[PDB]
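Engineer: Got a structure here, written out as structure tokens. Questions coming.
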Amino acid sequence: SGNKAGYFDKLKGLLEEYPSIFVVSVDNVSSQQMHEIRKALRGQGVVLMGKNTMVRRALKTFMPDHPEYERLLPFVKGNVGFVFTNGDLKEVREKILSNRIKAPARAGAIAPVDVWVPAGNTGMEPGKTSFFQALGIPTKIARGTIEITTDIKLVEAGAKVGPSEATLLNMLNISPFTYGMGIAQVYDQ
Amino acid sequence: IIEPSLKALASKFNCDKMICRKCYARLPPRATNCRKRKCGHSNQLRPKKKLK
Amino acid sequence: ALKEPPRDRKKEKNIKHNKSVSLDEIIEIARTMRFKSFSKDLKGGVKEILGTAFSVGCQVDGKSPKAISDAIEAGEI
Amino acid sequence: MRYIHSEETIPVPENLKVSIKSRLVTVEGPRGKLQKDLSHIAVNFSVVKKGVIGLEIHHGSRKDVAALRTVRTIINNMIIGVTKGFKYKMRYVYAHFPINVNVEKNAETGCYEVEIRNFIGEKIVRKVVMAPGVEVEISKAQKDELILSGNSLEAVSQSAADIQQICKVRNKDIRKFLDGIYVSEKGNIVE
RNA sequence: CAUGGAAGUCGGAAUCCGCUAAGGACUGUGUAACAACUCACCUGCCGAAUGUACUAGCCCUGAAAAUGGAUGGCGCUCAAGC
Ligand SMILES: [Mg+2]
Ligand SMILES: [Mg+2]
Ligand SMILES: [Mg+2]
Ligand SMILES: [Mg+2]
Ligand SMILES: [Mg+2]
Ligand SMILES: [Mg+2]
Ligand SMILES: [Zn+2]
């Protein structure tokens, strides 16, 4: 547990030097997203999150270095990380909000909102018509391109997406999911 | 011929089993002790070998 | 590319482990092309990486690529 | 080593009614009524809160304490069955000889019975009659599906096992002859 | 490095560093090979015990013979057994 011991001194060393601490609620986000935001904020500020700190901040609350830690004691519930930076709070309000990825469906993901395909020309190879015939979508091949004459409802809002439609959604580059950084309440603002 | 998923479903009930080495009893795949009393709940089990 | 002499044809049928190369600033110069593609802070980690990358070659003479990368005593550039 | 106090609780939704007398449980709700007799187990029942049933054992042994979770799950299954019902699905698997079934309707009483013909190309006509309260359907959703549905898990499952156990191959290598009828899915009627 | 090809995954010998709480010269599948998927590993939930060997008391398997049958008999289970 060498890294376990190494975490303690890093947390206590880092908390005292930086007067501003920002709380981030990150959940089910791809590793590459944290990689890119880490490289983007490499020059200014260091981001680090870990396991729940049941007593590791309570020990800093016992001694008087920061009487305001015990005000922040109840704020930790789960999957909440901390960001240590020296920039202004106004400038960091929207700094970490960049690079919202377009998450594809996962073969049954619940769509919060009704998903519709606008009228247009798909333009792909007409060998894929078996996929359309699986769902029974009225499609006409024009100039070697599959065209949907009439809009067909894909899945109702809040209902499980069909596996065939979900697979077609990947190559259609349309999805109801947009994953991005979550901003939590900080310092009772 | 049998489509692969049905063949797997049928194989689940009569191919993936454990065999006791004392009374030749059929046991679940993850079992560790025979359930019959005439072998003394022995723990000498071997997998049922597949057909090939 | 550095390898050893030329990898003449019809010679790779047998063992082809004769690819020993020198360990010097030539590899550090070649590291600038990569230029710490994956983070590596100011590229010190990339310098150690590229130095220990030729672990099969075992650096040159007594020195080893792993020992050279492990010993943080050389200049940054 | 005897444990002084062991207790468990069951929440109850605001849809059904339950009454117990002499360790005999009666559960009745929107989809019907069920009965169970538990006179063979020494358990103390109580009403913990407005919608929670508690049950417990005092000074029990390890073997006696073991049955407490079994009782809890049986009554919970009764609650599930009376508020959502049960539904099993089964599939037919044959290689050469198709197997034909005939689920004729009620035979002047509530019991259903299913007739099976042409198993591994056999001319036996074989008949099994299920317990009352189980409804059998031939699926129209897709091909070669049998649907069993009902209120009680024990009866639905037992009838399905009767169907599974009646189609057996004798004097043959069963790793090669995979002919038969097998169960494939378990779930509730609603959702 | 060999290589239709083998970006870990005919293969040979090596086996490092970046950034992390963790995510590999790869744990398999997959594939021309990759990718993909998974695994490992850490974290989101959780809410107090766990795992691995050994020792000896009772009980059970090991335990098959010829007329019908003997803890002396009936019978006995918080014993009427040890
Ligand atoms: Mg034979
Ligand atoms: Mg004995
Ligand atoms: Mg005796
Ligand atoms: Mg006597
Ligand atoms: Mg006594
Ligand atoms: Mg006496
Ligand atoms: Zn056995």
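Residue names in the structure tokens use chain letters A, B, ... in the order shown, residue numbers from 1 in each chain, and ligand numbers from 1 in the order shown.
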With a distance cut-off of 8 Å and only C-alpha atoms (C1' of nucleotides), select the neighbouring residues of range 82-90 of chain A, excluding the residue or stretch itself and same-chain residues fewer than 5 positions from it, and output the selection as a list in words.
Structural biologist: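 Returned residues: residues 14, 15, 18, 19, 20, 21, 22, 23, 24, 44, 45, 46, 47, 48 and 49 of chain A.
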Engineer: Pick out the residues sitting within 8 Å of residue 4 in chain C, and hand them over as a PyMOL selection string; count only C-alpha atoms (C1' of nucleotides), and ignore anything fewer than 5 positions along from it in its own chain.
Structural biologist: chain C and resi 18-21
Engineer: Just the alpha helix (DSSP H) stuff from chain B, please, per backbone DSSP, written as number ranges by chain.
Structural biologist: B: 4-14
Engineer: Check every protein, DNA and RNA residue against ligand 1, keep those with an atom at most 9 Å away (counting only C-alpha atoms (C1' of nucleotides) and all ligand atoms), and present them as a list in words.
Structural biologist: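 The residues near ligand 1 are residues 171, 172 and 173 of chain D.
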Engineer: At a cut-off of 10 Å, which residues of chain A touch chain E? Count only C-alpha atoms (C1' of nucleotides) and give the answer as a VMD selection string.
Structural biologist: chain A and resid 3 to 4 7 27 to 28 31 34 to 35 38 to 39 48 to 52 78 to 80
Engineer: Write out, as a PDB file, in the first residue's frame, the residues just selected, with N, CA and C atoms.
Structural biologist:
ATOM      1  N   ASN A   3       1.200   3.448  -2.487  1.00  0.00           N
ATOM      2  CA  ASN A   3       0.453   4.607  -2.956  1.00  0.00           C
ATOM      3  C   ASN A   3      -0.577   5.035  -1.919  1.00  0.00           C
ATOM      4  N   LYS A   4      -1.037   4.093  -1.088  1.00  0.00           N
ATOM      5  CA  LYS A   4      -1.977   4.446  -0.032  1.00  0.00           C
ATOM      6  C   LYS A   4      -1.319   5.381   0.969  1.00  0.00           C
ATOM      7  N   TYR A   7      -0.745   8.870  -0.625  1.00  0.00           N
ATOM      8  CA  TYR A   7      -1.906   9.741  -0.786  1.00  0.00           C
ATOM      9  C   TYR A   7      -2.091  10.692   0.395  1.00  0.00           C
ATOM     10  N   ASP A  27     -19.055  11.529 -13.195  1.00  0.00           N
ATOM     11  CA  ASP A  27     -19.644  10.200 -13.084  1.00  0.00           C
ATOM     12  C   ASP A  27     -19.715   9.579 -14.471  1.00  0.00           C
ATOM     13  N   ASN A  28     -19.219   8.344 -14.593  1.00  0.00           N
ATOM     14  CA  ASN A  28     -19.335   7.555 -15.823  1.00  0.00           C
ATOM     15  C   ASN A  28     -18.770   8.308 -17.027  1.00  0.00           C
ATOM     16  N   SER A  31     -12.064   7.695 -19.711  1.00  0.00           N
ATOM     17  CA  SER A  31     -10.727   8.023 -19.219  1.00  0.00           C
ATOM     18  C   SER A  31     -10.046   9.064 -20.101  1.00  0.00           C
ATOM     19  N   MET A  34     -10.730  12.635 -19.014  1.00  0.00           N
ATOM     20  CA  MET A  34      -9.901  13.144 -17.932  1.00  0.00           C
ATOM     21  C   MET A  34      -8.471  13.347 -18.400  1.00  0.00           C
ATOM     22  N   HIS A  35      -8.025  12.551 -19.375  1.00  0.00           N
ATOM     23  CA  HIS A  35      -6.676  12.725 -19.905  1.00  0.00           C
ATOM     24  C   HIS A  35      -6.541  14.069 -20.608  1.00  0.00           C
ATOM     25  N   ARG A  38      -6.878  17.007 -18.196  1.00  0.00           N
ATOM     26  CA  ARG A  38      -5.643  17.101 -17.427  1.00  0.00           C
ATOM     27  C   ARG A  38      -4.540  17.770 -18.234  1.00  0.00           C
ATOM     28  N   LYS A  39      -4.424  17.430 -19.518  1.00  0.00           N
ATOM     29  CA  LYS A  39      -3.398  18.077 -20.332  1.00  0.00           C
ATOM     30  C   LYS A  39      -3.745  19.538 -20.604  1.00  0.00           C
ATOM     31  N   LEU A  48      -7.266  16.168  -9.019  1.00  0.00           N
ATOM     32  CA  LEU A  48      -7.030  14.872  -8.397  1.00  0.00           C
ATOM     33  C   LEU A  48      -8.266  14.472  -7.604  1.00  0.00           C
ATOM     34  N   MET A  49      -8.785  13.277  -7.876  1.00  0.00           N
ATOM     35  CA  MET A  49      -9.929  12.738  -7.155  1.00  0.00           C
ATOM     36  C   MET A  49      -9.614  11.319  -6.700  1.00  0.00           C
ATOM     37  N   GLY A  50     -10.246  10.906  -5.602  1.00  0.00           N
ATOM     38  CA  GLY A  50     -10.053   9.562  -5.091  1.00  0.00           C
ATOM     39  C   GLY A  50     -11.218   8.988  -4.309  1.00  0.00           C
ATOM     40  N   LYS A  51     -10.921   7.991  -3.480  1.00  0.00           N
ATOM     41  CA  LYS A  51     -11.918   7.341  -2.643  1.00  0.00           C
ATOM     42  C   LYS A  51     -12.452   8.317  -1.596  1.00  0.00           C
ATOM     43  N   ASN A  52     -13.639   8.004  -1.074  1.00  0.00           N
ATOM     44  CA  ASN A  52     -14.286   8.867  -0.093  1.00  0.00           C
ATOM     45  C   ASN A  52     -13.384   9.059   1.117  1.00  0.00           C
ATOM     46  N   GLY A  78     -20.749  11.068  -2.513  1.00  0.00           N
ATOM     47  CA  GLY A  78     -20.264   9.976  -3.334  1.00  0.00           C
ATOM     48  C   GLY A  78     -19.892  10.383  -4.746  1.00  0.00           C
ATOM     49  N   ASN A  79     -18.774   9.844  -5.236  1.00  0.00           N
ATOM     50  CA  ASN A  79     -18.269  10.121  -6.583  1.00  0.00           C
ATOM     51  C   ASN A  79     -18.098  11.619  -6.823  1.00  0.00           C
ATOM     52  N   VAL A  80     -17.629  12.327  -5.800  1.00  0.00           N
ATOM     53  CA  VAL A  80     -17.342  13.754  -5.893  1.00  0.00           C
ATOM     54  C   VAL A  80     -15.840  13.958  -5.750  1.00  0.00           C
TER      55      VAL A  80
END
Engineer: With distances taken over only C-alpha atoms (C1' of nucleotides) and all ligand atoms, which of E:60, E:17, E:40, E:65 is nearest to ligand 2?
Structural biologist: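 For ligand 2, the nearest of the given residues is E:60.
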Engineer: To check your reading of the model: which residues sit at most 12 Å from ligand 6 when counting only C-alpha atoms (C1' of nucleotides) and all ligand atoms? Write the answer as a count of residues only.
Structural biologist: 5
Engineer: Tell me, as a tab-separated table (two decimals) with N, CA, C and O atoms, in the first residue's frame, which residues lie within 6 Å of range 18-23 of chain D, counting only C-alpha atoms (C1' of nucleotides); anything in the same chain fewer than 2 positions away does not count.
Structural biologist:
chain	number	residue	atom	x	y	z
D	25	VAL	N	-50.96	-18.25	6.29
D	25	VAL	CA	-50.89	-16.96	5.60
D	25	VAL	C	-51.91	-16.94	4.47
D	25	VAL	O	-51.99	-17.89	3.68
D	26	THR	N	-52.67	-15.85	4.40
D	26	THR	CA	-53.65	-15.60	3.35
D	26	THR	C	-53.27	-14.29	2.70
D	26	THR	O	-53.23	-13.25	3.38
D	27	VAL	N	-52.99	-14.31	1.40
D	27	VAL	CA	-52.63	-13.09	0.69
D	27	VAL	C	-53.62	-12.88	-0.45
D	27	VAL	O	-53.77	-13.75	-1.31
D	38	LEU	N	-47.70	-22.65	7.30
D	38	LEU	CA	-46.36	-22.66	7.86
D	38	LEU	C	-46.36	-23.16	9.29
D	38	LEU	O	-45.62	-22.67	10.14
D	39	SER	N	-47.20	-24.16	9.59
D	39	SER	CA	-47.30	-24.65	10.96
D	39	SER	C	-46.10	-25.46	11.40
D	39	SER	O	-46.01	-25.81	12.58
Engineer: Rounded to one decimal place, report the CA of residue 17 in chain C-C1' of residue 6 in chain E distance in Å.
Structural biologist: 19.0 Å
Engineer: Can you pull out the residues contacting residue 13 in chain E? Cut-off 10 Å, using only C-alpha atoms (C1' of nucleotides), and skip same-chain residues under 6 positions away; I want them as an MDAnalysis selection string.
Structural biologist: (chainID C and resid 15 17 56) or (chainID E and resid 1)
Engineer: Write the residues you've just listed into a file as a PDB file, in the first residue's frame, and include N, CA, C and O atoms (P, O5', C5', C4', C3', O3' and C1' of nucleotides) for each of them.
Structural biologist:
ATOM      1  N   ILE C  15      18.784 -16.729 -36.197  1.00  0.00           N
ATOM      2  CA  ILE C  15      18.611 -15.706 -35.175  1.00  0.00           C
ATOM      3  C   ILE C  15      19.162 -14.380 -35.679  1.00  0.00           C
ATOM      4  O   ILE C  15      20.225 -14.323 -36.310  1.00  0.00           O
ATOM      5  N   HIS C  17      19.546 -11.452 -33.598  1.00  0.00           N
ATOM      6  CA  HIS C  17      19.697 -10.659 -32.387  1.00  0.00           C
ATOM      7  C   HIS C  17      20.903  -9.731 -32.436  1.00  0.00           C
ATOM      8  O   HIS C  17      21.153  -9.011 -31.463  1.00  0.00           O
ATOM      9  N   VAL C  56      16.164  -4.403 -25.296  1.00  0.00           N
ATOM     10  CA  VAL C  56      16.747  -5.590 -25.912  1.00  0.00           C
ATOM     11  C   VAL C  56      18.221  -5.357 -26.209  1.00  0.00           C
ATOM     12  O   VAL C  56      19.053  -6.259 -26.055  1.00  0.00           O
TER      13      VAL C  56
ATOM     14  P     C E   1      15.545  -3.808 -35.149  1.00  0.00           P
ATOM     15  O5'   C E   1      14.260  -3.603 -36.084  1.00  0.00           O
ATOM     16  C5'   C E   1      12.976  -4.119 -35.745  1.00  0.00           C
ATOM     17  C4'   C E   1      13.022  -5.615 -35.569  1.00  0.00           C
ATOM     18  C3'   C E   1      12.321  -6.440 -36.625  1.00  0.00           C
ATOM     19  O3'   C E   1      13.082  -6.551 -37.812  1.00  0.00           O
ATOM     20  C1'   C E   1      11.946  -7.340 -34.452  1.00  0.00           C
TER      21        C E   1
END
Engineer: 10 Å from ligand 2 is the threshold here; counting only C-alpha atoms (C1' of nucleotides) and all ligand atoms, which polymer residues fall inside it? Answer as a list in words.
Structural biologist: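 Written in the requested form, the residues are residues 59, 60, 61, 62 and 63 of chain E.
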Engineer: Based on DSSP run over this structure's backbone, return all residues of range 6-38 of chain D in strand (DSSP E), as a list in words.
Structural biologist: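 Matching residues, listed in order: residues 6, 7, 8, 9, 10, 11, 17, 18, 19, 20, 21, 24, 25, 26, 27, 28, 29, 32, 33, 34, 35, 36 and 37 of chain D.
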Engineer: Which residues are close to residue 56 in chain A, i.e. within 12 Å by only C-alpha atoms (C1' of nucleotides), leaving aside same-chain residues fewer than 5 positions away? Reply as a PyMOL selection string.
Structural biologist: chain A and resi 7-12+15+50-51+61-62+69-70+73
Engineer: For a quick check of understanding, using only C-alpha atoms (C1' of nucleotides), which of E:57, E:18, E:11, E:47 has the smallest distance to chain C?
Structural biologist: E:18
Engineer: When you look at range 162-175 of chain A with a cut-off of 8 Å (counting only C-alpha atoms (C1' of nucleotides)), what residues show up, excluding the ones that are within fewer than 4 positions of it in the same chain? I need them as a list in words.
Structural biologist: residues 102, 103, 104, 105, 106, 107, 108, 115, 131, 134, 135, 154 and 155 of chain A
Engineer: Selected residues, N, CA and C atoms, written as a CSV table (one decimal), in the first residue's frame, please.
Structural biologist:
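Final output, saved to selection-v9.csv:
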chain,number,residue,atom,x,y,z
A,102,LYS,N,-19.9,13.2,-27.2
A,102,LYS,CA,-21.2,12.7,-27.8
A,102,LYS,C,-21.2,11.2,-27.6
A,103,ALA,N,-21.8,10.8,-26.5
A,103,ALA,CA,-21.8,9.4,-26.1
A,103,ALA,C,-22.8,8.6,-27.0
A,104,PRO,N,-22.3,7.5,-27.6
A,104,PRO,CA,-23.3,6.7,-28.4
A,104,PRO,C,-24.1,5.8,-27.5
A,105,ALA,N,-25.2,5.2,-28.1
A,105,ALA,CA,-26.0,4.3,-27.3
A,105,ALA,C,-25.3,3.0,-27.0
A,106,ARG,N,-25.8,2.3,-26.1
A,106,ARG,CA,-25.2,1.1,-25.6
A,106,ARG,C,-26.2,-0.1,-25.6
A,107,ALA,N,-26.9,-0.2,-26.8
A,107,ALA,CA,-27.8,-1.3,-27.1
A,107,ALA,C,-28.8,-1.5,-26.0
A,108,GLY,N,-29.7,-0.5,-25.8
A,108,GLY,CA,-30.7,-0.6,-24.8
A,108,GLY,C,-30.8,0.6,-23.9
A,115,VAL,N,-36.5,10.3,-30.1
A,115,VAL,CA,-35.4,10.4,-31.1
A,115,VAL,C,-36.1,10.2,-32.5
A,131,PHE,N,-30.8,-4.2,-43.0
A,131,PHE,CA,-31.0,-3.6,-41.7
A,131,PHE,C,-32.3,-2.8,-41.7
A,134,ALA,N,-35.2,-5.1,-41.5
A,134,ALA,CA,-35.4,-5.7,-40.2
A,134,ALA,C,-36.4,-4.9,-39.3
A,135,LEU,N,-36.3,-3.6,-39.4
A,135,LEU,CA,-37.3,-2.7,-38.7
A,135,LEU,C,-38.5,-2.4,-39.5
A,154,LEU,N,-38.5,6.1,-33.9
A,154,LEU,CA,-37.5,5.1,-33.5
A,154,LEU,C,-37.8,4.4,-32.2
A,155,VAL,N,-37.9,5.2,-31.1
A,155,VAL,CA,-38.2,4.7,-29.8
A,155,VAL,C,-38.9,5.9,-29.0
Engineer: Residues at most 9 Å from residue 168 in chain D, counting only C-alpha atoms (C1' of nucleotides), excluding those fewer than 2 positions away in the same chain, as a PyMOL selection string?
Structural biologist: chain D and resi 164-166+170+179-180
